[PDB]
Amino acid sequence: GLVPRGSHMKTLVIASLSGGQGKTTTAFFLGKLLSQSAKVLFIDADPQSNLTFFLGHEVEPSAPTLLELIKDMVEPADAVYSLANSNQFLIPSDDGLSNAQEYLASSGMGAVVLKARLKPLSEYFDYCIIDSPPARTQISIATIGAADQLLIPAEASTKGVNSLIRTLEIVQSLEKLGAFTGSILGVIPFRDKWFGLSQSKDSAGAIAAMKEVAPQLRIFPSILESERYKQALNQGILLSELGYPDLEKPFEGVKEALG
């Protein structure tokens, strides 16, 4: 079972309404860093289920997951699984999580369903980290609804900037309807190309344009373009442990802004 403390769980949602390895990468490393001295609940709200894979969890055949939780087929704790780390837990996802789409649409209140489904767990964790689907979908909107704090990864490219723009309007509209009651923690640009001492004019331009579009948002130091992220992910370890601590700094920076 779950040992309940006196905590009030802060839900942090990694949402970019476009594809790329950024959300999953950020959820994974950020969740692990937070767990160093706090109890962390991971939620893999992506039907690809990469976060579940990279955390080393495999869903057993008839086991209840995020889908059962969303559709209210099970107590919220029955969908929580412990991981190797004593401070990390997971509401996993697998194949037919996209069946939550219809359920959420047809409820008339999809954007607050997940928020409601998670309240029973508030007292058991310090942080909840949600990896959201890489498009605008009912599930994606529900993850945003659930947020106390929203972190927007954005590719350091023209496509990344437009993606950020779409995402901010979706949030703005969820705010007006009373679904989104959190705040935007900031933007973390990723796939920022450097050629040693000098950065790509394209990356530089895109990040510069991100400040123009959202002048009120914090733009975090970027996640460099690097194959190391995927290498650490594949082995289920931190970048510092893999032996590349510098690559871990932008996640540390987000952790800092959370305390």
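Residue numbers here begin at 1 and follow the sequence given.
Novice: Could you check which stretch, 57 to 65 or 42 to 50, carries the larger mean CA temperature factor in the entry?
Specialist: Comparing averages over the C-alpha atoms only gives 57 to 65.
Novice: Which of the two stretches, 5 to 13 or 232 to 240, shows the higher mean Cα temperature factor in the record?
Specialist: The stretch with the larger mean CA B-factor is 5 to 13.
Novice: Of the options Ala27, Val213, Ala204, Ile223, which has the highest CA B factor as deposited?
Specialist: Among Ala27, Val213, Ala204, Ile223, the PDB entry lists the largest C-alpha B-factor for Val213.
Novice: By the recorded C-alpha temperature factor, relative to the other modelled residues in its chain, which third is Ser86 in?
Specialist: According to the entry, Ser86 has a C-alpha B-factor in the chain's highest third.
Novice: Can you tell me whether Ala209 has a C-alpha B-factor in the lowest, middle or highest third compared with the other modelled residues of the same chain?
Specialist: Lowest third.
Novice: Determine, from the deposited record, the chain-internal third of the Cα B-factor for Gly22: lowest, middle or highest.
Specialist: Answer is lowest: the recorded C-alpha B-factor places it there.
Novice: Taking the entry's C-alpha B-factors for this chain, is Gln138 in the lowest, middle or highest third?
Specialist: For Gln138, the deposited C-alpha B-factor lands in the lowest third.
Novice: Consider only the C-alpha atoms of the modelled residues in this chain, order them by B-factor as the entry records it, and name the third containing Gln149: lowest, middle or highest.
Specialist: Its C-alpha B-factor, which the entry lists for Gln149, ranks in the lowest third among residues of this chain.
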